[PDB]
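Here is the structure we will look at.
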Amino acid sequence: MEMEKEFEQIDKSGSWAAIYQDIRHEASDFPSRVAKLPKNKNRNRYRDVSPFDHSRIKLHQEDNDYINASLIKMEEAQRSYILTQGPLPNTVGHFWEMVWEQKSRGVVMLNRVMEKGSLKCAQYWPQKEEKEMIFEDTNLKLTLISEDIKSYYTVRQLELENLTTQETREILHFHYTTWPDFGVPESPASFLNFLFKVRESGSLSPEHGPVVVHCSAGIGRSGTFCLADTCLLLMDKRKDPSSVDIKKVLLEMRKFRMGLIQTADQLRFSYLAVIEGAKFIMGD
């Protein structure tokens, strides 16, 4: 069923809550035993959001290999993403350790450091060229190279140095700054414009490791980003673009991380973004 028609159908009948609850009922449940170990309580921002053991990212240290992050592997679309929580004060060094070990080219950030008067993630990158950051627990140096501030997003060039080997790499930070404190955006135009800028950079391409994407919990805004990307890529690839079923793709992605898409408003917005973004994918 053409999603666009399915869309008007749900909208006229006002069934978005009932659709979303079907998804929550059919979604996978797998064990997350490593996340719940007592030695990791201060590595988890929220008690009810954990990586499954089968898909979690492991740090390459013998000490404690745990970080609240998951590998979403999309086999038909040939895309992979790492979804993670906003870094905590005790995990900023683990975050950049992961970015290095997994060979990512880009980091995607969908939240502000402060929202609704409270801190949603640590200030984990440097704000001035001449004031670099050193993560002594994981032996890494991070320097701001350049900054391009636009109306709806900011792009930053960062240098990450492994102080153990003195290798350096360029990391691109893509920061969407205008998601509202409550609800979802009214039009998906600026979110789609942002997604295409990430694509154009090479950060989503198979010559690099998976992009790292995060919001506060790493499941809501972050889920919207990867669901919309994967769905548009499948409409490109398939003989019949109408065969792309957004609810089935979301359930496949939830085999890899719990809770992706947090509200019925986020579900609706994901439909809207795919429908509108298809009006370039099909040749316009």
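Cβ: placed from backbone, ideal geometry, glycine included. Neighbour counts: every protein chain shown. Since every read-out is calculated from the coordinates, none of them should be taken as a lab result.
Placing +1 on the Cβ of every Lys and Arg and -1 on the Cβ of every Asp and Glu, with nothing else charged, gives the range 128-284 a dipole about its Cα centre of roughly 780 debye.
With θ taken as phi - 60° and the Karplus curve 6.51 cos²θ - 1.76 cosθ + 1.60 applied, the whole-hertz 3J(HN,Hα) list for the range 205-216 is 9, x, 6, 10, x, x, 4, 9, 10, 8, 10, 7 Hz, x standing for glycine and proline. The spread of Cα positions in the range 1-111, taken along each principal axis and listed from longest to shortest, comes to 54, 32, 27 Å.
Working note: Karplus 6.51/-1.76/1.60 with θ = phi - 60° gives the range 67-82 the couplings 9, 7, 7, 9, 9, 8, 10, 9, 7, 5, 6, 6, 10, 10, 9, 9 Hz, where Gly and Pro are set to x. In the calculated pair-distance distribution of the chain, the portion above 23 angstrom amounts to 54 percent of the Cα-Cα pairs. Protection proxy ranking for 33-40, 132-139, using the average of other Cβ atoms within 10 Å per residue and placing the highest first: 132-139, 33-40. Working note: Debye formula, equal point scatterers on the alpha-carbon atoms of the range 154-219, no solvent; log10 I(q)/I(0) at q = 0.15, 0.18, 0.24 Å⁻¹ is -0.63, -0.85, -1.23.
Note on the range 138-163 and the range 10-54: Cα centroid distance 31 Å, given to the nearest whole angstrom.
Spin-label pair residue 276-residue 240: with each label point 7 Å from Cα along the Cα-Cβ axis, the two points sit 2.8 nm from one another.
Under a 5 Å amide H cut-off, with hydrogens placed 1.01 Å from N, residue 177 pairs with 153, 154 among residues at least 5 apart or on other chains.
The residues neighbouring residue 207, those whose beta-carbon lies less than 12 Å from its own, together hold a net charge of +2 under the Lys/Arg +1, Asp/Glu -1 convention. Packing, as the average of other Cβ atoms within 10 Å across residues, places the peptides 271-278, 62-69, 100-107 in the order 271-278, 100-107, 62-69, highest first.
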